[PDB]
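First comes one chain, alone, set out as structure tokens in the form deposited in one PDB entry.
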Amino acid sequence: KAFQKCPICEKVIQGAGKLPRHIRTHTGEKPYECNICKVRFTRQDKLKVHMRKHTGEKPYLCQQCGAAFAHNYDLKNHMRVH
């Protein structure tokens, strides 16, 4: 696909609009905010996964028995138990 060069550390970052999330590791900037617990995050998806704590959600449902888990690895461990 496409690649970018980091202006700060000469790192090569793959992704069209993915450079700013890499820059935020250097600037230490967390533009996103949890409306409930007010904790701030550098990436929107990291806020979304945090929101699964408040809005109790288990998207990783088991394809075998239907049980659902909040984290993908808890599903993996349950699947390996079968």
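So that there is no doubt, residue numbering starts at 1 and follows the sequence shown.
This next part talks about the form deposited in another entry, which is not shown.
Q: Which single option from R43, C34, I23, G56 is at the hinge, given the motion of the rigid parts between this form and the one not shown?
A: It is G56 that sits at the hinge.
Q: Knowing the Cα distance between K76 and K46 changes 3 Å or more in the other form, does it shrink or grow relative to here?
A: Those two alpha carbons end up farther apart in the other form.
Q: Once you account for a change of 3 Å or more, let me know if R52 and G66 sit closer or farther in the other form, using their C-alpha atoms.
A: Closer, not farther.
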